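Student: Here it is, the structure in full.
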There are 2 protein chains.
Amino acid sequence: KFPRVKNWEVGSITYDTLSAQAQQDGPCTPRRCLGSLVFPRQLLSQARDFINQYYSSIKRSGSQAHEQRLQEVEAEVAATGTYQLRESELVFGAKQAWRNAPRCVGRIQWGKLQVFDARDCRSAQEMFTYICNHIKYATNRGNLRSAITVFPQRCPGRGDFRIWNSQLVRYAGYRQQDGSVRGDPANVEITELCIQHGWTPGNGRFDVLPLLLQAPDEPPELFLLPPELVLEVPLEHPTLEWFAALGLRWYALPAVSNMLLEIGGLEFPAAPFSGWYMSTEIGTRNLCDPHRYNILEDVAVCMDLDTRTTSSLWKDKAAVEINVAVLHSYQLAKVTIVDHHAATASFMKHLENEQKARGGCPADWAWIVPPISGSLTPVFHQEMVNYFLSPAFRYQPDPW
Amino acid sequence: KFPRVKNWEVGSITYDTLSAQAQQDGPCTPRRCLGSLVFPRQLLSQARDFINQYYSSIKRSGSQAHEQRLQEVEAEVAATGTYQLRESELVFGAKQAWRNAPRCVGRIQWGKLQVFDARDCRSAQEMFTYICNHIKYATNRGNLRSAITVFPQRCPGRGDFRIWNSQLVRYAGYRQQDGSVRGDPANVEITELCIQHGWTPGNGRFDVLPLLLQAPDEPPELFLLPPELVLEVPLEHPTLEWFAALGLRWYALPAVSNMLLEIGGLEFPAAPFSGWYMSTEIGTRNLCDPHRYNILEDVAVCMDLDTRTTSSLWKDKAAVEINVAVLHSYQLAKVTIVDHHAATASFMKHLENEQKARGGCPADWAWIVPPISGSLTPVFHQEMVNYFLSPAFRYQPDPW
Ligand code: HEM
Ligand code: HEM
Ligand SMILES: C[C@H](O)[C@H](O)[C@H]1CNc2nc(N)[nH]c(=O)c2N1
Ligand SMILES: C[C@H](O)[C@H](O)[C@H]1CNc2nc(N)[nH]c(=O)c2N1
Ligand SMILES: N=C(NO)NCCC[C@H](N)C(=O)O
Ligand SMILES: N=C(NO)NCCC[C@H](N)C(=O)O
Ligand SMILES: [Zn+2]
C-alpha cells in the first residue's frame, strides 16, 4: 500500500512508499482516525536496523565493517543488556530523529545539526555546564544555530538523567490568591516545583525559571542560568507606538528539554535540542492562547477595535498585529526568526527533497499547518501521511 | 476501545463510545494515518440497521410496528432487489446524514432540516422545477433555511438522476487564450460541459452557470436559473472605500448537488442540500485561494501593504479585511451568514449535546478548524475522533 499523496494547489501526486516501513504504533484504525490527538502513543532488532541505516548512509552497506559492527552490537547486548553507540553513529541518529519528526515544519535544516556528546556526564553540576555551553553555542549572540546535547543513555539498574524543565528557558507562572496567574500559566507546576526545591521566586511576568537538573538516583538540584546567557527580545510594533509600553518580551532560544531521544533501541531521557523560532509560536500561541499570556483583548482594545461583536474580527486583527510585533521585534534585535509563510514554503521544498531521497516524509498536517492563516500557506493544500519512524524524539512522563 | 478525547483549553475529557459502531472503511491503520486525505474512501443488513435506528428514534423499538417494517423491508428486497422508504423514514435518514457528516461545522442545526420528497420525479424538466422550488424556499429572500430535495433512489436496471453541477449556483470559469481564467477556475470543466451541450457563454467574472440535469438514461439537458431566483451579495468594505470598486460579489445560497445520500443501503445519487454560508468559505477560500479568485495581491496592493517581504504579513492582513468585507456585506444585504468564531463556538455546543445523546460525535479536525485564525477558535484546542456512520452524504464520480 503506497498511499497516493496529492497537492491540491498544483494537482501533483506522489506515492508514499516510506510509510510501509513505519512502526505500527499509531492510534488510528480502519474504524476511526485519532490523528488530532496530542498524545498518539527487541533491542537487538532495533539496533541492527539502526546500524543498517547508518551503513547505508555512508554507502558501506554489506562491508566487513558493517558486519563487524553488527556482531559487536549483538555481543554487547548479549553481554550487558545494552550497547554503546559510536560517536558518528550518535551524530547520525540525532539528525534522523529530527528528520523523522512529523510535527516539525523546520526540517529542511535537519542535516545542519550540531550534536554535543555529553554521554560521559556524571553529575547535575556537569549537566548544568553542558547546558550553559549549549545555550552559548546555539544562541550565538542572536545568529542562532541548531544543536542538541546528548546526556548518558538509559541504563540497566541505574536512574536516568533528567531535566525537569520543559524548555531550557521558561518564564515563571505565579498563581495568585485571586485565582489569576502572574507570568506564564503553562509554567505553574514547574514554577512551584522550583520553589518547593529551595528557589526564592520573583513576582514578575517574565522571570526566567531556574533549571531543575537530575542525575541518576539523586534529588533534582536547582541551577540559575546567568542572565548573560539568556538572550531576550523586547516586543514593539513598527506603527503601534503604544505596543512597546506593554512591556512584553520573549526569549530567543527555544530549547526543548523534556523529550526522549531514541536511537537503535537505545533511549536518552535527557537530550536537549533547539533551533530557532517560527513567529506564530510566540505571537499566536504563547501570547494569544487564552491560557497562556492571553493578550488579545488588551491589544484589540488598545487598537480600539469593536470588541462588542465577533463579526468585526477584532480577534483576527489583533492577532495579526501581534505576530507582526514579534517578527519586527526579532528582526530589530537581530535574533533569528522565521515567519509562517517562509517556514511552510521551505517545508514544501523539504517534502520534495525527501520524496526523491526516501520516497516520502512523515508529516502531521495539524501541526505543520500554522495556527493562523492556514489556507494562505502551501502546506494547507498538501495532503500528508503521518507515521512513526526511528530514530525519533518521543514524549515521556514527567520525572516527578 | 473508547478513545479518550480531551479539550486542551479547559482540560475536560470524554470517551467516544460511538466510534466503536462505525464502518471500518477509513484509510488509517496502526502503521500510518491518512486523515488529511481529501478523498478517504448486504442491503438487508444495512436496511435492518436503519429501520432499527428509526424505531429507536420514535421510542418504539421492539414494537409490532418495528417488527412489521423489518419483515416488510426484507420482503421487498427479497422480491425486488431493493425497497422503498416511508416518508417519515426518509426525513429521519436525511437528518442523520447531516448529523453524521464529520466535516460539517454547522451541525448544531441538524434537527432543523426541511426535507423535500422529490422521489416521484419523472423527467429533467420536473427535476428543474423541484430545484427552483428548493432555491426559493431555502433562499427565502435572504433569511436562508436549510433544506434538501431527495430525487428517486438508485434502481436495479435503471439509469440515475444526476445533477452535473457541483452546486446549484456556480460562477462560470472561462479559460482565456493566454492561459488565464476569467471567472472561477474551479468551474472550468462544468463551464465547458455547459457550452458543449448548447449553452452560449457570457465572458463575465460572475456569470451564473446553467444547470445540466440528467434523468435516467437521458443525455443531460440545460436549464437556466431565472436571475430572480438567484440572490447575490455585492461586496464592499466598511472602511476601505475602494473595495466596492473591485466589483466582487458572491451568491447567497450554498447548495451542494454532487454528493450521494445513503440511507439504509439505499442510494440517492441526486439529492441537493443547502444551509447558509460561513464567512471563511467565501472570504478565505473562494476569494483568496491561488486557484480560485486569487485576489490577495490586488487587495494588499490597494491597502498599500509592503508586498515586498513575507514577514510584513501582508497576506494575513488582506485576507482578514476580505473576510471582514464578506461578513459586513452579507449583514448589509441582510443575507444569512455566520463567522468562524460563532460557527466554531456553536460546534463546541453541538459536541456537548452529542456526547450526552450518542456518546460521541464524528468530526474531521482538518475541516472543522477554519482556514484562518485556527488557534483563535475553540475547536483547534479540541481533540476529535473521525469515523463514518450511516446514513451519510458521500462523494461519487462525476457522471460524465
Ligand atoms: C531549524 C529551526 C526550527 C524551526 C523553525 C522549528 C519549528 C518547529 C515548529 C513550528 C514546531 C511545531 C511545535 C509547536 O507548535 O510547539 C516544531 C516541532 C518540533 N521540532 Fe522543529 N524547529 C526547528 C528545529 C528543530 C530541531 C533542531 C529539532 C531537533 C533536532 C526539532 C525538533 C522538533 C520536534 C521533536 C518537534 C515536535 C515537538 C513536540 O512534539 O512537541 N526542531 N518545530
Ligand atoms: C446550517 C448552516 C450550515 C453551515 C454554517 C455549514 C457550514 C459548513 C462548513 C464551513 C463546511 C466545511 C466544508 C467546506 O469548507 O466546503 C461544511 C461542510 C459540509 N456540510 Fe455543513 N453547513 C451548514 C449546513 C449543512 C446542511 C443543511 C447539510 C446537509 C443537510 C450540510 C452538509 C455538509 C457536508 C456533507 C459537508 C462536507 C462537504 C464536503 O465534504 O465537501 N451542511 N459545512
Ligand atoms: C488537538 C490538536 O491537535 C492540538 O490542539 C494541536 C493542533 N495543532 C498544533 N500545531 C502546532 N504547531 N502546535 C500545537 O500545539 C498544536 N496543537
Ligand atoms: C489537503 C487538505 O486536507 C485539504 O486542502 C483540506 C484541508 N481542510 C479543509 N477544511 C475545510 N473546511 N474545507 C476544505 O476544503 C479543506 N481542504
Ligand atoms: N522551534 C521549536 N523548537 O526548537 N519549537 C518547539 C516548541 C516551542 C514552543 N511552541 C514555544 O514557543 O515555547
Ligand atoms: N454550508 C455549506 N453547505 O451547505 N458549505 C459547503 C459548500 C460551500 C463551498 N465551500 C462554497 O462556498 O462554494
Ligand atoms: Zn488517522
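All residue names refer to the C-alpha cells as shown: chains lettered A, B, ... in order, residues numbered from 1 in each chain, ligands numbered from 1 in order.
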So that each row is one residue of chain A with an atom at most 9 Å from ligand 1, can you give its shortest atom pair and the distance in Å to one decimal, using only C-alpha atoms and all ligand atoms, rows by chain and rising number, as a Markdown table?
Tutor:
```
| residue | atom | partner | partner_atom_place_in_ligand_line | distance |
| --- | --- | --- | --- | --- |
| A:38 | CA | ligand 1 | 40 (O) | 8.3 |
| A:39 | CA | ligand 1 | 40 (O) | 8.8 |
| A:94 | CA | ligand 1 | 30 (C) | 6.5 |
| A:95 | CA | ligand 1 | 30 (C) | 6.2 |
| A:96 | CA | ligand 1 | 30 (C) | 8.4 |
| A:97 | CA | ligand 1 | 30 (C) | 6.7 |
| A:98 | CA | ligand 1 | 30 (C) | 4.4 |
| A:99 | CA | ligand 1 | 30 (C) | 7.8 |
| A:100 | CA | ligand 1 | 35 (C) | 8.5 |
| A:101 | CA | ligand 1 | 35 (C) | 5.4 |
| A:102 | CA | ligand 1 | 37 (C) | 7.3 |
| A:103 | CA | ligand 1 | 37 (C) | 4.9 |
| A:104 | CA | ligand 1 | 17 (C) | 3.9 |
| A:105 | CA | ligand 1 | 8 (C) | 5.1 |
| A:106 | CA | ligand 1 | 4 (C) | 4.0 |
| A:107 | CA | ligand 1 | 1 (C) | 6.3 |
| A:108 | CA | ligand 1 | 1 (C) | 7.5 |
| A:109 | CA | ligand 1 | 1 (C) | 5.3 |
| A:110 | CA | ligand 1 | 27 (C) | 6.6 |
| A:112 | CA | ligand 1 | 27 (C) | 8.2 |
| A:113 | CA | ligand 1 | 27 (C) | 6.2 |
| A:114 | CA | ligand 1 | 27 (C) | 8.5 |
| A:115 | CA | ligand 1 | 30 (C) | 8.7 |
| A:144 | CA | ligand 1 | 2 (C) | 8.9 |
| A:145 | CA | ligand 1 | 1 (C) | 7.9 |
| A:146 | CA | ligand 1 | 27 (C) | 4.7 |
| A:147 | CA | ligand 1 | 27 (C) | 5.9 |
| A:148 | CA | ligand 1 | 30 (C) | 6.2 |
| A:254 | CA | ligand 1 | 23 (C) | 8.6 |
| A:255 | CA | ligand 1 | 26 (C) | 8.6 |
| A:256 | CA | ligand 1 | 38 (C) | 7.8 |
| A:259 | CA | ligand 1 | 35 (C) | 7.5 |
| A:261 | CA | ligand 1 | 35 (C) | 9.0 |
| A:272 | CA | ligand 1 | 29 (C) | 8.4 |
| A:273 | CA | ligand 1 | 29 (C) | 5.3 |
| A:274 | CA | ligand 1 | 27 (C) | 5.0 |
| A:275 | CA | ligand 1 | 2 (C) | 4.0 |
| A:276 | CA | ligand 1 | 2 (C) | 4.6 |
| A:277 | CA | ligand 1 | 5 (C) | 5.1 |
| A:278 | CA | ligand 1 | 5 (C) | 4.8 |
| A:279 | CA | ligand 1 | 10 (C) | 8.3 |
| A:280 | CA | ligand 1 | 10 (C) | 7.6 |
| A:281 | CA | ligand 1 | 15 (O) | 5.9 |
| A:285 | CA | ligand 1 | 15 (O) | 7.9 |
| A:337 | CA | ligand 1 | 5 (C) | 7.5 |
| A:338 | CA | ligand 1 | 5 (C) | 6.4 |
| A:339 | CA | ligand 1 | 5 (C) | 8.6 |
| A:340 | CA | ligand 1 | 10 (C) | 8.2 |
| A:343 | CA | ligand 1 | 5 (C) | 6.6 |
| A:367 | CA | ligand 1 | 12 (C) | 5.7 |
| A:368 | CA | ligand 1 | 12 (C) | 6.7 |
| A:369 | CA | ligand 1 | 10 (C) | 8.8 |
| A:370 | CA | ligand 1 | 10 (C) | 7.5 |
| A:371 | CA | ligand 1 | 15 (O) | 8.4 |
| A:392 | CA | ligand 1 | 35 (C) | 7.7 |
| A:393 | CA | ligand 1 | 35 (C) | 5.1 |
| A:394 | CA | ligand 1 | 35 (C) | 7.2 |
| A:395 | CA | ligand 1 | 40 (O) | 7.3 |
```
Student: DSSP on the backbone, alpha helix (DSSP H) only: what residues of range 71-310 of chain A does that give? Format it as an MDAnalysis selection string.
Tutor: chainID A and resid 71:80 87:100 124:139 188:196 279:280 287:288 296:302
Student: Between CA of residue 387 in chain B and atom 13 (O, counted along the ligand's line) of ligand 6, what is the spacing in Å?
Tutor: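 Rounded to one decimal, the two atoms are 24.1 Å apart.
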Student: Quick one: of B:36, B:353, B:167, B:309, who's nearest to chain A, counting only C-alpha atoms?
Tutor: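 Nearest to chain A: B:36.
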Student: Name each residue within 6 Å of ligand 7, counting only C-alpha atoms and all ligand atoms, as a PDB file with C-alpha atoms, in the first residue's frame.
Tutor:
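The resulting file, pocket.pdb, is shown below:
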```
ATOM      1  CA  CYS A  28      -5.724   5.127  14.077  1.00  0.00           C
ATOM      2  CA  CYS A  33      -8.930   8.241  12.994  1.00  0.00           C
ATOM      3  CA  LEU A  34      -7.291   9.591  16.160  1.00  0.00           C
ATOM      4  CA  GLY A  35      -4.867  11.916  14.373  1.00  0.00           C
TER       5      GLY A  35
ATOM      6  CA  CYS B  28      -5.879   4.843   8.504  1.00  0.00           C
ATOM      7  CA  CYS B  33      -2.590   7.984   9.351  1.00  0.00           C
ATOM      8  CA  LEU B  34      -4.166   9.234   6.076  1.00  0.00           C
ATOM      9  CA  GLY B  35      -6.565  11.649   7.766  1.00  0.00           C
TER      10      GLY B  35
END
```
Student: May I have the residues within 7 Å of residue 16 in chain A as a list in words, using only C-alpha atoms and disregarding those fewer than 3 positions away in the same chain?
Tutor: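 What passes the distance filter is residues 2, 3, 4, 5, 19, 359 and 360 of chain A.
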Student: Now that the selection is made, can you save its residues with N, CA, C and O atoms as a compact mmCIF listing (two decimals), in the first residue's frame?
Tutor:
```txt
# COMPACT_ATOMS: atom_id res chain seq x y z
N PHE A 2 0.85 1.95 -1.10
CA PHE A 2 1.64 3.15 -1.22
C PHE A 2 0.65 4.26 -1.43
O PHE A 2 0.22 4.53 -2.55
N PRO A 3 0.21 4.86 -0.31
CA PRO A 3 -0.73 5.97 -0.22
C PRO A 3 -0.42 7.02 -1.27
O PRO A 3 0.74 7.43 -1.41
N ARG A 4 -1.43 7.41 -2.05
CA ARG A 4 -1.23 8.45 -3.04
C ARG A 4 -1.34 9.74 -2.23
O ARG A 4 -2.19 9.85 -1.34
N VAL A 5 -0.46 10.70 -2.50
CA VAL A 5 -0.49 11.96 -1.79
C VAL A 5 -0.60 13.03 -2.85
O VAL A 5 0.22 13.12 -3.74
N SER A 19 6.09 4.91 4.20
CA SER A 19 5.18 4.62 5.31
C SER A 19 5.10 3.15 5.59
O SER A 19 4.98 2.74 6.74
N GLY A 359 11.46 8.59 -0.67
CA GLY A 359 10.16 8.26 -1.21
C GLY A 359 9.02 8.56 -0.25
O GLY A 359 8.09 7.77 -0.10
N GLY A 360 9.10 9.70 0.43
CA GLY A 360 8.06 10.07 1.36
C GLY A 360 8.59 10.85 2.54
O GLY A 360 9.80 10.91 2.74
```
Student: Give me every strand (DSSP E or B) residue in range 47-154 of chain A, going by DSSP on the backbone, as a PyMOL selection string.
Tutor: chain A and resi 114-117+147-150
Student: Restricted to N, CA, C and O atoms, what would the selected residues look like written as a CSV table (one decimal), in the first residue's frame?
Tutor:
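Ended up saving to again_36.csv:
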```
chain,number,residue,atom,x,y,z
A,114,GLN,N,24.1,20.5,15.1
A,114,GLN,CA,25.4,20.4,15.9
A,114,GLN,C,25.1,19.5,17.1
A,114,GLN,O,24.6,20.0,18.1
A,115,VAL,N,25.6,18.3,17.1
A,115,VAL,CA,25.4,17.4,18.2
A,115,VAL,C,26.6,17.5,19.2
A,115,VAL,O,27.7,17.5,18.8
A,116,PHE,N,26.2,17.7,20.5
A,116,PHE,CA,27.2,17.8,21.5
A,116,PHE,C,27.1,16.5,22.3
A,116,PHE,O,26.1,16.2,23.0
A,117,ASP,N,28.2,15.7,22.3
A,117,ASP,CA,28.2,14.5,23.0
A,117,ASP,C,28.5,14.7,24.5
A,117,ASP,O,29.6,15.0,24.9
A,147,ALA,N,21.2,22.9,17.6
A,147,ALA,CA,22.1,22.0,18.4
A,147,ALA,C,21.3,21.1,19.3
A,147,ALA,O,20.1,21.3,19.6
A,148,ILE,N,22.0,20.0,19.8
A,148,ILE,CA,21.4,19.1,20.7
A,148,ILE,C,22.6,18.6,21.6
A,148,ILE,O,23.7,18.5,21.1
A,149,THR,N,22.3,18.4,22.9
A,149,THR,CA,23.3,17.9,23.8
A,149,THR,C,22.8,16.6,24.3
A,149,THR,O,21.7,16.5,24.9
A,150,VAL,N,23.5,15.5,24.0
A,150,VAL,CA,23.0,14.1,24.4
A,150,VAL,C,23.7,13.6,25.7
A,150,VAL,O,24.9,13.4,25.7
```
Student: Using only C-alpha atoms, I'd like a table of the residues in chain A that come within 8 Å of chain B; for each, show the closest atom pair and its distance in Å rounded to one decimal, ordered by chain and ascending number, as a tab-separated table.
Tutor:
```
residue	atom	partner	partner_atom	distance
A:3	CA	B:34	CA	7.9
A:5	CA	B:37	CA	7.6
A:9	CA	B:291	CA	6.9
A:19	CA	B:32	CA	6.4
A:20	CA	B:31	CA	7.3
A:22	CA	B:31	CA	6.0
A:23	CA	B:31	CA	5.8
A:24	CA	B:31	CA	3.8
A:25	CA	B:30	CA	5.5
A:26	CA	B:30	CA	4.6
A:27	CA	B:30	CA	6.0
A:28	CA	B:29	CA	5.4
A:29	CA	B:29	CA	4.4
A:30	CA	B:26	CA	4.5
A:31	CA	B:24	CA	3.9
A:32	CA	B:387	CA	4.6
A:33	CA	B:386	CA	5.0
A:34	CA	B:385	CA	5.4
A:35	CA	B:33	CA	6.8
A:36	CA	B:383	CA	5.4
A:37	CA	B:383	CA	5.5
A:38	CA	B:383	CA	7.6
A:284	CA	B:375	CA	7.6
A:285	CA	B:375	CA	7.3
A:288	CA	B:376	CA	7.7
A:289	CA	B:376	CA	7.3
A:290	CA	B:9	CA	7.7
A:291	CA	B:9	CA	7.1
A:310	CA	B:341	CA	6.6
A:311	CA	B:339	CA	6.0
A:312	CA	B:324	CA	6.6
A:313	CA	B:324	CA	6.8
A:315	CA	B:376	CA	7.4
A:316	CA	B:373	CA	6.4
A:317	CA	B:320	CA	7.0
A:320	CA	B:316	CA	6.9
A:324	CA	B:312	CA	6.5
A:327	CA	B:311	CA	6.6
A:328	CA	B:311	CA	8.0
A:339	CA	B:311	CA	5.9
A:341	CA	B:310	CA	6.3
A:342	CA	B:310	CA	6.9
A:365	CA	B:36	CA	6.5
A:366	CA	B:366	CA	6.9
A:371	CA	B:375	CA	5.0
A:372	CA	B:373	CA	4.3
A:373	CA	B:372	CA	4.3
A:374	CA	B:371	CA	5.1
A:375	CA	B:371	CA	5.0
A:376	CA	B:315	CA	7.2
A:383	CA	B:36	CA	5.5
A:384	CA	B:36	CA	6.0
A:385	CA	B:34	CA	5.3
A:386	CA	B:33	CA	5.0
A:387	CA	B:32	CA	4.7
A:388	CA	B:32	CA	7.8
```
Student: Pick from A:118, A:44, A:209, A:90: nearest to residue 71 in chain A, with only C-alpha atoms counted?
Tutor: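 Of A:118, A:44, A:209, A:90, the one nearest residue 71 in chain A, counting only C-alpha atoms, is A:44.
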Student: I want to know what sits within 10 Å of range 170-177 of chain B, based on only C-alpha atoms, with residues of the same chain fewer than 3 positions away left out; could you give that as a VMD selection string?
Tutor: chain B and resid 165 to 167 180 to 192 194 201 to 211 250 to 251 253 to 255 292
Student: Within 6 Å of residue 124 in chain B, counting only C-alpha atoms, which residues qualify if same-chain residues fewer than 2 places away don't, as a ChimeraX atom specification?
Tutor: /B:126-127,213-215
Student: Give me the residues within 10 Å of range 63-69 of chain A as number ranges by chain, counting only C-alpha atoms and dropping any in the same chain fewer than 4 places off.
Tutor: A: 48, 51-52, 54-56, 59, 73-75, 86
Student: Residues within 7 Å of residue 268 in chain A, please, as a tab-separated table (two decimals) with N, CA, C and O atoms, in the first residue's frame. Count only C-alpha atoms; anything in the same chain fewer than 2 positions from it doesn't count.
Tutor:
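Result file is part17.tsv:
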```
chain	number	residue	atom	x	y	z
A	151	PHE	N	22.92	13.50	26.76
A	151	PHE	CA	23.44	13.01	28.03
A	151	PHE	C	23.35	11.48	28.08
A	151	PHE	O	22.87	10.84	27.14
A	152	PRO	N	23.86	10.86	29.17
A	152	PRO	CA	24.00	9.39	29.19
A	152	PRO	C	22.69	8.69	28.89
A	152	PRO	O	21.63	9.10	29.36
A	153	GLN	N	22.79	7.57	28.18
A	153	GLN	CA	21.63	6.78	27.82
A	153	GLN	C	21.03	6.12	29.05
A	153	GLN	O	21.61	6.12	30.12
A	154	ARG	N	19.84	5.57	28.87
A	154	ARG	CA	19.13	4.89	29.95
A	154	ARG	C	19.89	3.60	30.20
A	154	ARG	O	20.28	2.90	29.25
A	260	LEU	N	12.37	12.46	24.90
A	260	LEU	CA	13.35	11.38	24.87
A	260	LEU	C	13.84	11.11	23.46
A	260	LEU	O	13.05	11.10	22.52
A	261	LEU	N	15.14	10.88	23.32
A	261	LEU	CA	15.72	10.59	22.01
A	261	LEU	C	15.92	9.08	21.94
A	261	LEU	O	16.45	8.48	22.87
A	262	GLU	N	15.41	8.44	20.90
A	262	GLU	CA	15.57	7.01	20.78
A	262	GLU	C	16.33	6.72	19.50
A	262	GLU	O	15.93	7.15	18.41
A	266	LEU	N	18.11	2.31	21.84
A	266	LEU	CA	18.67	2.98	23.00
A	266	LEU	C	17.83	4.22	23.28
A	266	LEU	O	17.33	4.86	22.36
A	270	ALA	N	17.52	12.44	28.71
A	270	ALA	CA	17.92	13.85	28.78
A	270	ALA	C	18.74	14.13	27.54
A	270	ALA	O	19.83	13.60	27.37
A	271	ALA	N	18.21	14.94	26.64
A	271	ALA	CA	18.89	15.22	25.40
A	271	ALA	C	18.33	16.48	24.76
A	271	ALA	O	17.75	16.40	23.68
```
Student: With only C-alpha atoms as the basis for distance, which of B:230, B:155, B:168, B:246 is at the shortest distance from residue 217 in chain B?
Tutor: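 Using only C-alpha atoms, residue 217 in chain B sits closest to B:155.
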